[PDB]
Amino acid sequence: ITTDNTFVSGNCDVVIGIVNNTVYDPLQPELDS
Amino acid sequence: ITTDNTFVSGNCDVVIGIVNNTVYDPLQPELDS
Amino acid sequence: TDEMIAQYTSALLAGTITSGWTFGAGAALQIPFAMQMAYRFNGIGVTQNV
Ligand SMILES: *[C@@H]1O[C@H](CO)[C@@H](O[C@@H]2O[C@H](CO)[C@@H](O)[C@H](O)[C@H]2NC(C)=O)[C@H](O)[C@H]1NC(C)=O
Ligand SMILES: *[C@@H]1O[C@H](CO)[C@@H](O[C@@H]2O[C@H](CO)[C@@H](O)[C@H](O)[C@H]2NC(C)=O)[C@H](O)[C@H]1NC(C)=O
Ligand SMILES: *[C@@H]1O[C@H](CO)[C@@H](O)[C@H](O)[C@H]1NC(C)=O
């Protein structure tokens, strides 16, 4: 689950049946340097 | 070939007729800062 | 007969709501109806998030 396959929209309220999870940021190792 | 409009899947032997060239990366300039 | 005609229509409806559109193409697949509707919105042109 990277941000390349996702588009954030709204918040965690209107959605029904959502699940908590983590979404990897593909920049963190590249941000470290 | 920007990495923005290109994506990766797997290794470099399963495919057929592949060629050799580095894919251009847009994250190099600003990472140098 | 009207009985098994209505049964055929019931099969059509059940496959449409539950299995998505796949049953007429391959094998029926359980898949949420809400997500099926979101996929249909993606089909028409509006993003499923709406
Ligand atoms: C997703 O995680 C968030 C984390 O903030 C959950 O929100 C709170 O989680 C804590 C866990 O200790 C609960 O005690 C609270 O009641 C939750 N709500 C609020 C308003 O604080 C959220 O519930 C989680 N959702 C799912 C579906 O797992
Ligand atoms: C692209 O380059 C790679 C690496 O040279 C080629 O794969 C083989 O890699 C091994 C180990 O690195 C080398 O010993 C071989 O000589 C490489 N094969 C060849 C034909 O050079 C890969 O074949 C190259 N692909 C193209 C289309 O030139
Ligand atoms: C493609 O065509 C070239 C030229 O005809 C040939 O040498 C080669 O073996 C063919 N196949 C691949 C995978 O390149």
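Points worth noting:
- Criterion (among the small types (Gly, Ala, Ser) and within 11 Å of the chain's Cα centre (by Cα)) met by exactly one of C:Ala28, C:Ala6: C:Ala28
- Taken over region A:1-28, the criterion of being within 11 Å of another protein chain (Cβ to nearest Cβ) and not in a loop (DSSP other than H, G, I, E, B) is satisfied by A:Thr2, A:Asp4, A:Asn5.
- Filtering region B:3-23 to residues that are in contact with a strand residue (DSSP E or B) (Cβ under 9 Å, 6 or more places away or on another chain) and either within 20 Å of A:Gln28 (Cα to Cα) or within 16 Å of ligand 1 (Cβ to nearest atom) (or both) leaves only B:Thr3.
Residues are listed down the side, and each one gets a yes or a no for (1) exposed (fewer than 11 other Cβ atoms within 10 Å of the Cβ); (2) among the hydroxyl-bearing types (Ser, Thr, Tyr); (3) in a helix (DSSP H, G or I); (4) touching a residue at least 12 places away in the same chain (Cβ under 8 Å):
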site: C:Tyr8; (1), (2), (3), (4): yes, yes, yes, no
site: C:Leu13; (1), (2), (3), (4): yes, no, yes, no
site: C:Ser19; (1), (2), (3), (4): no, yes, no, yes
site: C:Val46; (1), (2), (3), (4): no, no, no, no
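- Those residues of region B:7-33 which are of a type in the set (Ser, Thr, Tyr) and either within 11 Å of ligand 2 (Cβ to nearest atom) or exposed (fewer than 10 other Cβ atoms within 10 Å of the Cβ) (or both), in sequence order: B:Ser9, B:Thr22, B:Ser33
Here, each number is a calculation from the coordinates, and none is a lab measurement. Virtual Cβ from ideal backbone geometry, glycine too; neighbours counted across all protein chains shown.
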